[PDB]
């Protein structure tokens, strides 16, 4: 069952064995992935998060981010530790009370403390549209049509060296999959369809790092949503999905009744499908209960290319149709050396006082804010352009902006910008050497918004900056509840921190 929009959510430690290997984890709702949190567009969500964690090897504090939800007027509820709140301590709870006006689509939630979401605190978050403009394109859209793709590690996150190339031990599809080494024939996930029906498959990357080449043998996929943004229909036979991205696609159950492999090949870790790694099963009702015998093609003839995507609505692009054609045009210098990432020469290390609390306490320019050099102010009601030229080691880096979606004016592997009709999204691969992926948005959401690579190991190694959007209006726009004001005193007392 789905939970929400008003629900408790307990965060616990437990042993799990999603690939046959037992390890302890950090779980929401007792499962991996966590339960789907759902509601309708414009609903009030009140997710009261109970921190019941006791195992220090995965951290006993926590904080949860609602990925892709704008949090307008509720910056305090966004979740990134030391940007919008101090962590919740064990034995305490916290009500994330916010609204989702003007958004409908496929989202997710995850820990936003250190690399803790890798240890298991990740699940889907779906905002349905009762008047969806795509409703007539499918018959079925429910918890059974969500497909999660996850990397899974046998080593605990807090034992992963910072700045290292860290590699997973299994790909999990809907929570199940097989280990790359010492492979055992542990259970594979089954997605069941009825011959003749059309399904809205909601594909969610809950990855901490790899991108996946996702396909379904015998089937093609008609994209209708990208990171929450409705798209024109685009039919493909393969989707390369980067960490934290989401797609909805229509699956037409139009092939013979039978069993078909679902494939998710990561860019690192185990390559191929030997022993049923990187796999799940699409089963038609009435098929024999047995593994598929289907083949992938040698090459995919209609892969997703990001410039082929276009919004369903006439979203356009803000600003003027040339590089630098914005009120505030920025170019970030994105680098890596010696185990640490940097943006504009500064490696991100979380501050002691969350950025939002520094601003509410009266710090009002970005040079007054900590960490020094890690906060860039944005002016209000302005067109922002951010160029993100690639080249830093460990790519391709999927960059994500909190509080906003953005027009993808230039995509990976294509030097031509699009000032007319590019897709809007919230997490974008910045590509490869020489690329110049560029995003645009308008500043209508006061508060401090994190910008970072969504490979969680990279964020931990410093690949982040904070956009302090409309500092002067942050306090009036974002009134804070007493429980939020209580978080830093409680956290600092528990950890013997003076501030």
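So that the term is clear: the rigid core is the largest set of C-alpha atoms that superpose within 1.5 Å between two forms. Residue numbers count along the first chain shown, from 1.
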item	value
Core-aligned Cα RMS comparison in 8 other deposited structures of this protein - stretch that moves more, 300-308 or 160-168	160-168
Between 118-126 and 295-303 (mean CA B-factor, as deposited), the higher	295-303
Stretch with the higher entry mean CA B-factor, where the candidates are 327-335 and 77-85	327-335
Per the PDB entry, maximal CA B factor within 380, 211, 245, 71	380
Of the residues 225, 237, 160, 151, the one carrying the largest Cα B-factor as recorded	160
Where the record places residue 180 (Cα B-factor, split into thirds across the chain)	highest
Assigned third (lowest, middle, highest) for the C-alpha B factor of residue 436	lowest
Within-chain third of residue 42 by Cα B-factor, per the entry	middle
Entry-reported Cα temperature factor of residue 444, expressed as the chain third it lands in	highest
Cα B factor band for residue 348 (lowest, middle or highest third within the chain)	middle
